[PDB]
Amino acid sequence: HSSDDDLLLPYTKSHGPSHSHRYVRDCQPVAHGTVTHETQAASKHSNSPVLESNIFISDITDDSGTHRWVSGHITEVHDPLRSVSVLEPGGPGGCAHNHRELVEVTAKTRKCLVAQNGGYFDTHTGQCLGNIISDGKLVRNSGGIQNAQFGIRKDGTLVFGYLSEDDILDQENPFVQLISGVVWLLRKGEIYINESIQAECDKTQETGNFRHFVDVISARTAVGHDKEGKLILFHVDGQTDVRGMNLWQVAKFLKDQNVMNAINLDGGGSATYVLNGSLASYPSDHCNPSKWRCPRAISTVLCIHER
């Protein structure tokens, strides 16, 4: 569909770090003890609408003193357990076929009110990446790859952070939704990017390219939660090294929206915001072969649907 020309790649070769969850615990800062994740009971506002979606057009400043206009959406979800779903591309079984699909197409399979692009994927093979649990079904076990995680448990517990392979296979209170990103933006209402860089990039990888992935501006998406337990979906349009935000700016932006924990999902040309099946953002990838903009065929999708 698109030319795939706005690539925002955190890893030059193999996705994710090579070291184990135990290593993440050992390098993690003393302030957090030995637990490498955060939990929050999801809100249960059964008397509210499913969601509230807001458009922002904001003036962002960076350490250079430079000002930039940015535009995007913040989406608040009032009953995450009953309305949030991780979808495979195109429908159930998509990841098994290395299928890539537009967000709007995947979104129409479940009548999503708001849908955004989800996790990372191989742009050459279409292979899905990270851990994936869709509507209680386990879709992909990364094998303990230490990337920022977001999941919902059967009892409504929201989960953010780093999870071991055994964490996601637990049957006592099983995950019903699970998706992986890259970089833990906020932990306990504080910026956590430096810690993420140490945990999600290892000695055998070039930390420079990864730090550049963190520092460069581009289109970005993120998911988090607030003090009330509502789920926060973040999206900002951009183009790598031209428009949008870097992760430091996203973290500060969300921190000033009372977001307590959030992880960064796929961005660049993948960032998409679909409103009721209709593309409602400006993607960065050029079309094949025009200079028009085209949304990218991506992998998993974050869907917010009727309860």
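The numbering used is simple: start at 1 and walk along the sequence shown.
Engineer: Averaging only over Cα atoms, indicate whether 164-172 or 214-222 has the higher B-factor in the PDB entry.
Structural biologist: 164-172 has the higher mean C-alpha B-factor.
Engineer: Tell me which stretch has the larger mean Cα B-factor in this entry, 67-75 or 224-232.
Structural biologist: 224-232 has the higher mean C-alpha B-factor.
Engineer: Looking at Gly93, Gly151, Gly189, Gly143, which has the biggest Cα B factor in the entry?
Structural biologist: The listed residue with the largest C-alpha B-factor is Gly93.
Engineer: In terms of CA temperature factor as recorded, identify the highest of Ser270, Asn54, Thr61, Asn261.
Structural biologist: Of the candidates given, the C-alpha B-factor peaks at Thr61.
Engineer: Could you place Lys44 in the lowest, middle or highest third of its chain by Cα temperature factor, using the values in the record?
Structural biologist: Top third by C-alpha B-factor.
Engineer: Which third, lowest, middle or highest, does the CA B-factor of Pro89 fall in along this chain?
Structural biologist: For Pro89, whose C-alpha B-factor we compare with every modelled residue in the chain, the answer is the middle third.
Engineer: When the deposited Cα B-factors of this chain's modelled residues are ordered and cut into thirds, is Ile298 in the lowest, the middle or the highest one?
Structural biologist: For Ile298, the deposited C-alpha B-factor lands in the lowest third.
Engineer: Taking the entry's C-alpha B-factors for this chain, is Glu38 in the lowest, middle or highest third?
Structural biologist: Its C-alpha B-factor, which the entry lists for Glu38, ranks in the middle third among residues of this chain.
Engineer: Where does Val159 sit by CA temperature factor within its chain: lowest, middle or highest third?
Structural biologist: Lowest third, going by the recorded CA B-factors of the chain.
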